[PDB]
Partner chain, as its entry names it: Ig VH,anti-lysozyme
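The chain that follows stands alone, in the form solved without its partner chain, written as structure tokens.
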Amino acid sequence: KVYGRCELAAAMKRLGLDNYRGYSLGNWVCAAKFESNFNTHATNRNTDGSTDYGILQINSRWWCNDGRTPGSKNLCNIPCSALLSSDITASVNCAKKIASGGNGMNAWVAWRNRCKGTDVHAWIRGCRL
């Protein structure tokens, strides 16, 4: 499904992402917009044989197992197909684990390039949350 902006913001807020490791809610909404355009079904294959899955484009080299990536570390302990569902719970529980790494949200290069540093509070503007 493709989420509306405020529809996604509210789903993310109810799953504990506002101010998670110092990142306000608009960071996560902006990251999902530039990673997938709010489409739960987005997938992009990577140079190394892994694939990025779902609304936050989580890859199968480190985070989820899709059956076809040799040596997936599956640190989120989830099949990558769980990341394609309308329910974003597994995507945000995994996203919290990758944002716990040393470089935080810089792990998402679309966030690093189009969101980081800007007034990300704009992404939750007008949403009754």
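Numbering follows the first chain given and starts at 1.
The following text describes the form solved in complex with its partner chain, which does not appear among the structures shown.
- Residue contact check for residue 84: none of its heavy atoms lie within 4.5 Å of its partner chain in the deposited complex.
- Its partner chain is not drawn, but in the deposited complex it has a heavy atom within 4.5 Å of residue 100.
- Its partner chain is not drawn, but in the deposited complex it has a heavy atom within 4.5 Å of residue 62.
- At the 4.5 Å threshold, heavy atoms of residue 77 reach its partner chain in the deposited complex.
- Along 19-48, a non-hydrogen atom within 4.5 Å of its partner chain in the deposited complex is carried by 20, 21, in order along the sequence.
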